[PDB]
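The next block holds one structure in the form of structure tokens; read it before the comments.
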Amino acid sequence: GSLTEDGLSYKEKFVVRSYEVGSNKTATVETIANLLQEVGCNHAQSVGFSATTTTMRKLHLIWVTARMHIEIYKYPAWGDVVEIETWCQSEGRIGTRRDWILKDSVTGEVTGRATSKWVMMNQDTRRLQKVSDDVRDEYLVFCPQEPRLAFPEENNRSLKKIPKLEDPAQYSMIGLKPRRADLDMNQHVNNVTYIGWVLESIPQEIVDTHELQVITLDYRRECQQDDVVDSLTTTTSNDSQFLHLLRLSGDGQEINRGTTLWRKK
Amino acid sequence: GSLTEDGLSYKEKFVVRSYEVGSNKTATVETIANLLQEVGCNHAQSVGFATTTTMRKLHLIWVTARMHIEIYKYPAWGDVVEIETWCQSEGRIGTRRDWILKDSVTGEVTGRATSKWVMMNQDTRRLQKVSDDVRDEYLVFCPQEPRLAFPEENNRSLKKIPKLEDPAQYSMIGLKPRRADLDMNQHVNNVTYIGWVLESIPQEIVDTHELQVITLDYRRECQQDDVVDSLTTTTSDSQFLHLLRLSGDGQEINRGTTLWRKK
Ligand SMILES: Cc1cccc(NC(=O)[C@@H]2CCCN2)n1
Ligand SMILES: Cc1cccc(NC(=O)[C@@H]2CCCN2)n1
């Protein structure tokens with residue numbers, strides 16, 4: 001792991017582990033999501049962070065994921081080396097954006113890519129707020145000035161509006177509770193757990209015969225350690241499209257909504 | 001990762017990750033358990049393999065019967081941990097795999113583990129003893145003299161574990177494995193059972209104590225569509241008796257003990 005020559009992006013190589021792969025002997029989307037999270041943490045640390053700025057720590061402010069979009073072309077196999085390059089960019093007063101590029105270390109080809117939108121939030125009240133000018137100047141020195149997008153395209157699927165799943169759902173997984181392994185160092189539910197929960201309502205036959213190509217997730221609320229979640233899915237469509245919804249088992253309070261795209265093996 | 005000079009043990013270094021640590025910014029016991037599992041896989045791959053030639057022919061696999069882990073120091077986020085692992089034959093009973101955990105900077109032993117594996121027909125799940133034809137093909141990869149991570153006589157790794165009596169002091173019910181809890185063969189990962197056992201331990205004990213020892217006896221395998229109940233009772237430092245059983249019929253899948261020290 002190290003910053004590039006300009007110090008405006010970070011790269012890191014990972015060797016895929018035995019417990020990180022699924023039935024096809026290739027990394028699961030949750031292993032990929034964990035690796036993107038790890039390379040992002042190492043980028044923040046290499047440029048002197050802990051990724052709250054000095055003004056953010058004084059004002060009790062944190063960065064929270066509002067959207068996560070992951071597109072995979074090839075899943076690295078058990079024992080393969082994957083190289084991930086990551087960088088951040090300012091999106092004015094709306095918040096920050098973090099992008100990733102996944103490459104096979106042997107061939108050098110792009111085997112995946114991801115984009116995420118982060119919004120500023122008061123750690124205590126959970127009220128979102130626009131990025132002030134004092135905060136923007138502290139993280140602009142670590143971002144490229146010209147726009148560098150993992151999903152540049154004229155009409156990329158990373159900025160598409162996601163509708164709300166209508167009851168009844170076609171498929172469902174009820175009673176999902178996070179355990180201690182699902183909590184981070186700050187005792188909050190890890191963002192990768194929501195991905196695993198969304199995919200729990202997808203039938204095992206679809207998983208066994210299709211590969212996950214795209215996943216877009218919109219985060220609306222955070223799930224607590226003592227909260228129970230219901231995962232809901234409906235087919236919207238070789239390819240297979242699904243609409244997803246995560247809500248609290250009790251009151252039905254929405255925590256997440258998303259879409260997945262799968263292709264035939 | 002590489003075998004040692006004699007080719008009778010394997011070493012590998014790991015840099016502790018952000019998502020691998022708990023609230024005290026040190027690796028969880030499940031991260032340690034996953035790393036031991038990974039170094040064991042890499043040892044088997046480096047010597048030409050889990051199943052052997054005459055084991056695939058007879059549909060036979062190795063299954064964990066017991067896991068015993070003792071931790072002195074939990075590696076912190078960003079630290080390098082070196083793990084050395086080796087196997088040994090235990091006659092016709094089965095195989096044993098041992099591990100030594102060391103801080104890569106200080107060279108100090110910060111943990112150690114031992115596990116007992118029994119032979120089983122993959123299809124019928126019947127145990128049966130080890131034959132001499134399989135013993136000879138794995139003896140060339142094991143030290144001949146006994147090399148034990150837990151040498152001391154009358155140690156915590158070979159102690160009989162009793163069955164938890166109802167009612168349990170603490171409990172966590174309705175535990176279901178997800179796809180992330182399944183390995184490449186769609187079986188529940190043995191590290192998930194550790195996480196499930198520790199779910200019935202109260203959060204106050206976790207927040208004020210550190211896990212020093214964990215011993216687990218595996219009796220039955222949990223299926224993907226099975227639901228588990230985790231039960232705990234204080235037997236005492238803090239000692240606990242544990243039991244994992246199926247939520248329905250109450251069929252025992254695991255039993256164990258944990259030991260915790262005040263921070
Ligand atoms: C965008 C996003 C992601 C995750 C959590 C949240 N928000 C909250 O947890 C609470 C709900 C009321 C407002 N803030 N927002
Ligand atoms: C020692 C051990 C560990 C894990 C599973 C099993 N055995 C079984 O799954 C079943 C139970 C009775 C027939 N074999 N044994």
Side-chain angles (χ1 to χ4, degrees), chain A residues 1 12 14-31 33-42 44-45 50 77-79 173-188 190-193 195-200 202 204 207-208 225-226 228 231, chain B residues 1 12 14-31 33-42 44-45 50 76-78 172-187 189-192 194-199 201 203 206-207 224-225 227 230:
Chain A
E12 186 168 354
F14 304 96
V15 167
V16 178
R17 301 180 181 162
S18 52
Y19 63 89
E20 290 182 331
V21 311
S23 59
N24 301 133
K25 291 160 195 161
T26 66
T28 63
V29 87
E30 288 182 80
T31 290
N34 266 332
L35 298 182
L36 302 176
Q37 175 171 263
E38 173 70 6
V39 70
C41 285
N42 287 336
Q45 256 230 237
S50 294
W78 164 33
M173 176 56 61
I174 306 310
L176 299 170
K177 306 202 302 271
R179 49 192 190 92
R180 296 204 182 94
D182 291 303
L183 309 168
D184 64 12
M185 56 190 83
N186 307 133
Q187 275 165 295
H188 281 222
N190 201 285
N191 291 322
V192 177
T193 296
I195 293 171
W197 283 341
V198 158
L199 304 174
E200 271 302 297
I202 295 287
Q204 192 68 61
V207 175
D208 286 344
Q225 189 191 144
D226 60 352
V228 181
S231 186
Chain B
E12 186 169 354
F14 303 96
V15 167
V16 179
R17 301 181 181 161
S18 52
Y19 62 89
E20 290 182 331
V21 311
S23 41
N24 41 31
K25 291 160 202 166
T26 66
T28 64
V29 86
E30 288 183 80
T31 289
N34 266 332
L35 298 182
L36 303 176
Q37 177 221 129
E38 174 69 6
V39 69
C41 276
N42 288 336
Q45 248 212 49
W77 165 33
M172 176 56 61
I173 79 178
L175 299 169
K176 307 202 301 269
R178 49 193 191 91
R179 296 204 182 94
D181 291 303
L182 309 168
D183 64 12
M184 56 190 80
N185 307 134
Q186 275 165 295
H187 281 221
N189 201 283
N190 103 127
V191 176
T192 296
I194 293 171
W196 283 341
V197 158
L198 304 174
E199 271 302 298
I201 295 286
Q203 192 68 61
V206 175
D207 286 344
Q224 189 190 145
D225 60 350
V227 181
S230 185

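A, B, ... follow the sequence lines: proteins, then strands. Residue 1 opens every chain. Keep in mind that the numbers below use all heavy atoms, side chains included, and drop hydrogens, waters and symmetry copies.
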Rounded to the nearest 0.5 Å, how far does OH of B:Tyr19 lie from SG of A:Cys41? 10.5 Å

Does B:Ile173 have more than 12 heavy atoms from other residues, nucleotides or ligands lying within 6.0 Å of its CD1? no

If you compare all heavy atoms of A:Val21 against all heavy atoms of B:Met184, which two are closest, and at what distance to 0.1 Å? CG2-CE, 3.8 Å

The reported gap from CG in B:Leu198 to CZ in A:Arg180 (rounded to nearest 0.5 angstrom) is 7.0 Å

Do you see a donor-acceptor pair shorter than 3.5 Å between the side chains of B:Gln186 and A:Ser23? no

Looking at chain A, which one of B:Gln224, B:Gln37, B:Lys176, B:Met172 has the largest number of heavy-atom pairs inside 4.5 Å, strictly under? B:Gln37

Given a strict heavy-atom distance threshold of 4.5 Å, which part of A:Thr193 is in contact with chain B: side chain, backbone, both, or neither? both

B:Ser18 to A:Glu38 - nearest heavy-atom pair and separation: OG-OE1, 2.6 Å

By a 4.5 Å heavy-atom criterion (distance strictly below it), what part of A:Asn191 contacts chain B: side chain, backbone, both, or neither? neither

Kindly compute the distance separating CZ (A:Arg17) from CG (B:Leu35), expressed to the nearest 0.5 Å. 5.5 Å

Taking side chain as everything from C-beta outward and backbone as N, CA, C, O, which of these in A:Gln204 sits under 4.5 Å from a heavy atom of chain B? Side chain, backbone, both or neither. both

By salt bridge (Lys or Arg N to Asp or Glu O under 4.0 Å) - contacts of B:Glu12 (at least two apart): none

A:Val207 versus chain B, heavy atoms under 4.5 Å apart: side chain, backbone, both or neither? side chain

Is it the backbone or the side chain of A:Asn34 that comes under 4.5 Å from a heavy atom of chain B, or both, or neither? both

For the pair A:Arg179 and B:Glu30, find out whether any cationic side-chain nitrogen is under 4.0 Å from an anionic carboxylate oxygen. yes

